[PDB]
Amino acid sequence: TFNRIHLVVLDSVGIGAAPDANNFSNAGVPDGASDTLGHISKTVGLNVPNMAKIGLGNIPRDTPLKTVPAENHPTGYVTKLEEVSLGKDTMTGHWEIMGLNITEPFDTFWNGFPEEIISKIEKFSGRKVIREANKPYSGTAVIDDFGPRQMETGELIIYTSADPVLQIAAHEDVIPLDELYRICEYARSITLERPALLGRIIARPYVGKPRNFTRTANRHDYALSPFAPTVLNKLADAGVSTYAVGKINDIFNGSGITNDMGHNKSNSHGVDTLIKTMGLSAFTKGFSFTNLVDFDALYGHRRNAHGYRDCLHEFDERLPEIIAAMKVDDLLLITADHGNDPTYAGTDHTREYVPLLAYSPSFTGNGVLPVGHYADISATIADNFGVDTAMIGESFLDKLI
């Protein structure tokens, strides 16, 4: 029915604490007071007239978004969607958006990896791990802060980030690449189950000299693929094109992705890439899936409400460009994968409902859809292209056509 469907994930753009929010926490504080869009709106303001026109301010909430009025003549269909999976991480949310139910949520490690994991890597490698570096850390600061020490002692530098990732930095002159990879493979093999379930292990070789290090191209990644076919696989198996923009290919480890358009330098460069992709003469039928990550990486995790607002405003300003590039029989879906309330305690994601905005020039109606679940997105897409659903989700295609 829609010849193309373009799904855009505004990473972390939540619309209020989920019913099961208090099963999740932020530096010990349960997530049940979180509200990414509402707390932004109430503190720093929020001017998003293009999303409002589609209907962002018509999405049901107990208390309305302070600065996003209801729209009595909306141009699209909107609602909010509830996460079923037992995790609030990026991989879980995207996998569920594409139809999986994740009941073994990836572990994150705000206070570093536990002794069982470190002790094991030390015994396997014969190298000590620098304990002070075993915690969240920018890849760059960690190489600068502990590399000098590493060059002298041969110790491993094992660090993480807000994501379920284990990264091993090792200078090529003192830790041979082959050993780094063996160490990473061993690491990957002992992190397949909770409480050490990791999305990916990254080898981070690097060369150079103190106060001036370079991270080399000898990087290798050891990622988990989705454990069951997702709707991306269903589409690809049926010969339907699947175009990925931004973090999408990494998140799915390329599974069911026919055309990876690569990483975003920024949200704006991402929107440029989506627009270009929509304009390809080759792209006549199928699915595009874009992640715009800056909301999460730059603003949510850093608890910066002012910046989060500006990033939302900048996306809204560009939204008319995305729409101008649509064909009449295209569908645009805008959503998120969890919350990351910049006003909250902690520095993690927040367990929230996510907005759903739906727009096509072909629409003969508009309004508000019943509240749903993340994987309803996948099922709608499957329904549209005549392929099977994955684990979960129910189509709302008939409310759109």
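Residue positions are given as counts along the sequence shown, with the first one as 1.
Stretch exceeding the other in mean C-alpha B-factor - 184-192, 246-254
Between 184-192 and 246-254, it is 184-192.
For the C-alpha atoms alone, is the average B factor greater in 103-111 or in 88-96, going by the entry?
Comparing averages over the C-alpha atoms only gives 103-111.
Using the entry's values, work out which of 268, 230, 125, 288 has the largest Cα B factor.
Result of the comparison over 268, 230, 125, 288: 125.
Please pick out which of 75, 79, 153, 304 has the largest Cα B-factor as recorded in the entry.
The record points to 153.
Within-chain third of residue 139 by Cα B-factor, per the entry:
CA B-factor rank for residue 139: highest third.
By the recorded C-alpha temperature factor, relative to the other modelled residues in its chain, which third is residue 300 in?
It belongs to the lowest third of the chain when residues are ordered by C-alpha B-factor.
So where's residue 292 on the chain's Cα temperature factor ranking, which third?
Residue 292: CA B-factor falls in the lowest third of its chain.
Quick one: classify residue 401 as lowest, middle or highest third of the chain based on its Cα B-factor.
Tercile = highest for this residue's CA B-factor.
If you rank the chain by CA B-factor, which third does residue 83 end up in: lowest, middle or highest?
Lowest third.
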